[PDB]
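Worksheet: one structure, shown below.
Where a number appears in this text, it was derived from the coordinates with a stated rule and is not lab data. Cβ placement follows ideal geometry from the backbone for every residue including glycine, while neighbour counts extend to all protein chains displayed.
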């Protein structure tokens, strides 16, 4: 019923930010309550010096607390998630993702950094006590033919996004 | 509705096996068909030298195929899952865990190696294409009071298994 | 001959920042060229939006490029290094640590996060092509009796720091 | 000056073994005493069921003890080192790699699993208390032209091994 999407890219547009876009579209077409957040919504000073009294933080958190699931996306810098995504994740409370389904997406220069999703990003979401984390979707920069206006992906990438969004929705209303 | 439990300890019984026995007991009470495997069901030479014509592997592959979920348990050695368990996971098909809900369990002599679950076991399960991996339970040895004749846990460890197992049951619907 | 020390804590003082302090002292007492950098030396805006034209960045990089080794320290937030440390590491060039010995140090609330050094931090330094990375030192918050004025550690922590600094210096002048 | 090479492939020869043979050849040329082990030197049942009285394990432990460095090589399976190799690492003493310089090598069917070295193999070596772990070499299968009768690599893979091996030699001084 309620989903947070979180773009983790330090720049806009991003190849990663556009994976999240396509999902947002496919999901809005279900009148599911979606709340998109990106890093451009926070003050750099609050994220760096780790200031928990961030007003932006309180509003995101309140929305997170009410969301049934999280779809989070990040470029792969230095064999992990962006540090910029991490500074925010660092501010969330200890059990922020408890009870929530999570869907991680990621892009990278090379397929050689595919394992950053499983070995860097998923443990962090797990530290935050995600109830369940999906397999997720990684795309090397070659699967994205255009991320500037409409996202164009290769059929393979689009398919893998479809499959994962499908799983994601079903997990979002188990009883 | 079929679940596989898979013990990854090289000795049996073990602390991690007792977790699976407890899980079995809770799942049978809910009319799940549960099938238990351990490393002792395979010929060591088939595992260590990766021999794909292992009869047991064929049986275990079929059983897994038709299974909706997997509970896997391992002791933590050298900051990761056991080699012993990994020898078996290495022999499974590329997409063996596709469509499946996976509950990882582990035991460890020191709480210092709690992260072995997230940083070592989960990635390997995700390489087998697990559809979703539950948060899981790490138990330091001292939370497992008896593992030989009847699983007996401290209240906190018991409560955490119970919670995980309920999430696991719900996920299978 | 030339070492960079890098505090990765978002706050000062930090339990982690003080591990780096004790090292800096022990090493200055050898007239080794040490260049201490912390996150307080960078503009939050540059680190977040990933601005490579950071003047602070150019000066750190130039000093890094000339350093024979790096000693880097971080608290353990969410089962990894701080995102704040990461935003900087994200800006360094692709092969920044090539040819250099690296010594990682870290602190955490609980010993349960000891493995964050090996599974989160070391891969990032390795992505940066560290020639060699030392075993390193992790300390739970209980090993630090006081980090505010002089660092007080338990003998065990001090010993483990000594052992690692020893190894560190020897590796810094192989021929 | 003693080096152990340790092949972690479950079949022999393998692509990762050919790397170690190449390394051996380069190290002997520099008057290093090199001792080679592989998984076939151990009884599978001792590895898979973690039996510490394995004679081979005793010999390998002694040899490692007196060794200054270790070159270890493994294929990448299910996004990590081989279970087969891990069964052996799990049987080594707690501080087995203390004081030692370690050079990790790996091979993989897809470059997609290059990070298995940093995210999986290194942590386990560091749990054995390796004094320093070199950057290492990942080679996708296609860079290993022959591994059966004479190690034969593409120029780039050969150049990267050469560089690593020189760093390794210097570190042993």
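Filter the stretch D:2-24 for residues that are over 16 Å from residue D:68 (Cβ atoms) and free of Cβ contacts under 8 Å to residues at least 40 places away in the same chain; which is surrounded by the most Cβ atoms within 10 Å (Cβ to Cβ)?
Checking each candidate, the answer is D:11.
For the stretch C:79-88, give me each residue that is under 10 Å from residue A:90 (Cβ atoms) and in a loop (DSSP other than H, G, I, E, B).
If the condition is that a residue be under 10 Å from residue A:90 (Cβ atoms) and in a loop (DSSP other than H, G, I, E, B), then C:82 is the only one that fits.
Within the set of pairs 6 or more residues apart or between chains, which connect a residue that is closer than 21 Å to residue C:62 by Cα inside the stretch C:1-30 to a residue that is assigned to a helix (DSSP H, G or I) with Cβ atoms less than 6 Å apart?
Filtered contacts from the stretch C:1-30: C:2/C:66; C:4/C:64; C:5/C:20; C:5/C:24; C:7/C:17; C:7/C:20; C:8/C:85.
Tell me, yes or no, whether the stretch C:105-113 has at least one residue that is surrounded by 20 or more Cβ atoms within 10 Å (Cβ to Cβ), in contact (Cβ under 8 Å) with a residue 24 or more places away in the chain, within 11 Å of another protein chain (Cβ to nearest Cβ) and touching a strand residue (DSSP E or B) at 6+ places or on another chain (Cβ under 9 Å).
The answer is yes, given that some residue of the stretch C:105-113 is surrounded by 20 or more Cβ atoms within 10 Å (Cβ to Cβ), in contact (Cβ under 8 Å) with a residue 24 or more places away in the chain, within 11 Å of another protein chain (Cβ to nearest Cβ) and touching a strand residue (DSSP E or B) at 6+ places or on another chain (Cβ under 9 Å).
So, in the stretch A:151-175, how many residues would count as being surrounded by fewer than 20 Cβ atoms within 10 Å (Cβ to Cβ), in contact with a helix residue (DSSP H, G or I) (Cβ under 9 Å, 6 or more places away or on another chain) and in a loop (DSSP other than H, G, I, E, B)?
3
From the list C:49, C:81, pick out the single residue that is under 30 Å from residue A:130 (Cα atoms), within 14 Å of chain A (Cβ to nearest Cβ) and touching a strand residue (DSSP E or B) at 6+ places or on another chain (Cβ under 7 Å).
C:81
Just to confirm my filter: which helices (runs of 4 or more DSSP H) fall fully inside the stretch B:1-119 and include at least 1 residues that are more than 12 Å from chain D (Cβ to nearest Cβ) and more than 27 Å from residue C:120 (Cβ to Cβ)?
Fully inside the stretch B:1-119 and qualifying: B:15-28, B:55-65.
Which one of A:76, A:117 is within 29 Å of residue C:95 (Cβ to Cβ) and either more than 15 Å from the chain's Cα centre (by Cα) or not in a helix (DSSP H, G or I) (or both)?
On the way: A:117 fails: either more than 15 Å from the chain's Cα centre (by Cα) or not in a helix (DSSP H, G or I) (or both).
Being within 29 Å of residue C:95 (Cβ to Cβ) and either more than 15 Å from the chain's Cα centre (by Cα) or not in a helix (DSSP H, G or I) (or both) holds for just one of A:76, A:117, which is A:76.
Among the candidates C:57, C:30, C:6, which residue alone is more than 21 Å from residue D:119 (Cα to Cα) and away from chain A (no Cβ under 14 Å)?
None of the others qualify; the one that does is C:30.
Just for the stretch A:1-33: of the residues that are assigned to a loop (DSSP other than H, G, I, E, B) and under 14 Å from the mean Cα position of the chain (by Cα), which one is surrounded by the most Cβ atoms within 10 Å (Cβ to Cβ)?
A:8
All but one of (1) surrounded by 21 or more Cβ atoms within 10 Å (Cβ to Cβ); (2) touching a residue at least 24 places away in the same chain (Cβ under 8 Å); (3) over 30 Å from residue A:161 (Cβ atoms) hold for residue B:120; state the number of the condition that does not hold.
Among (1) surrounded by 21 or more Cβ atoms within 10 Å (Cβ to Cβ); (2) touching a residue at least 24 places away in the same chain (Cβ under 8 Å); (3) over 30 Å from residue A:161 (Cβ atoms), the lone unmet condition for residue B:120 is (3).
Just checking, which of C:97, C:91 is in contact (Cβ under 8 Å) with a residue 40 or more places away in the chain, touching a helix residue (DSSP H, G or I) at 6+ places or on another chain (Cβ under 7 Å), assigned to a loop (DSSP other than H, G, I, E, B) and within 11 Å of chain A (Cβ to nearest Cβ)?
From the options C:97, C:91, the qualifying one is C:91.
For the stretch B:58-65, does any single residue satisfy the condition of being surrounded by fewer than 18 Cβ atoms within 10 Å (Cβ to Cβ) and touching a strand residue (DSSP E or B) at 6+ places or on another chain (Cβ under 7 Å)?
Within the stretch B:58-65 (the criterion being surrounded by fewer than 18 Cβ atoms within 10 Å (Cβ to Cβ) and touching a strand residue (DSSP E or B) at 6+ places or on another chain (Cβ under 7 Å)), the answer is yes, since at least one residue qualifies.
Which numbered condition in (1) surrounded by fewer than 15 Cβ atoms within 10 Å (Cβ to Cβ); (2) touching a residue at least 12 places away in the same chain (Cβ under 8 Å); (3) in contact with a helix residue (DSSP H, G or I) (Cβ under 9 Å, 6 or more places away or on another chain) is the only one that residue A:71 fails?
With (1) surrounded by fewer than 15 Cβ atoms within 10 Å (Cβ to Cβ); (2) touching a residue at least 12 places away in the same chain (Cβ under 8 Å); (3) in contact with a helix residue (DSSP H, G or I) (Cβ under 9 Å, 6 or more places away or on another chain) applied to residue A:71, the lone miss is (1).
Let me confirm something: among D:30, D:48, which residue is more than 17 Å from the chain's Cα centre (by Cα) and loosely packed, with under 15 Cβ neighbours inside 10 Å?
D:30
Report, by residue number, each residue of the stretch C:123-146 that is part of a helix (DSSP H, G or I), under 30 Å from residue D:167 (Cα atoms) and without any contact (Cβ under 8 Å) to a residue 40 or more places away in the chain.
Within the stretch C:123-146, C:123, C:126, C:127 qualify.
Here's the yes/no breakdown for (1) more than 14 Å from chain B (Cβ to nearest Cβ); (2) surrounded by fewer than 23 Cβ atoms within 10 Å (Cβ to Cβ); (3) touching a helix residue (DSSP H, G or I) at 6+ places or on another chain (Cβ under 7 Å); (4) without any contact (Cβ under 8 Å) to a residue 24 or more places away in the chain:
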| residue | (1), (2), (3), (4) |
| --- | --- |
| D:131 | yes, yes, yes, no |
| D:139 | yes, no, yes, no |
| D:144 | yes, yes, yes, no |
| D:148 | yes, yes, no, no |
| D:170 | yes, yes, no, yes |
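Would a scan of the stretch A:37-59 turn up a residue that is in contact (Cβ under 8 Å) with a residue 60 or more places away in the chain and surrounded by 14 or more Cβ atoms within 10 Å (Cβ to Cβ)?
Our first condition is that a residue be in contact (Cβ under 8 Å) with a residue 60 or more places away in the chain; within the stretch A:37-59, this holds for none.
Scanning the stretch A:37-59, I find no residue that is in contact (Cβ under 8 Å) with a residue 60 or more places away in the chain and surrounded by 14 or more Cβ atoms within 10 Å (Cβ to Cβ), so the answer is no.
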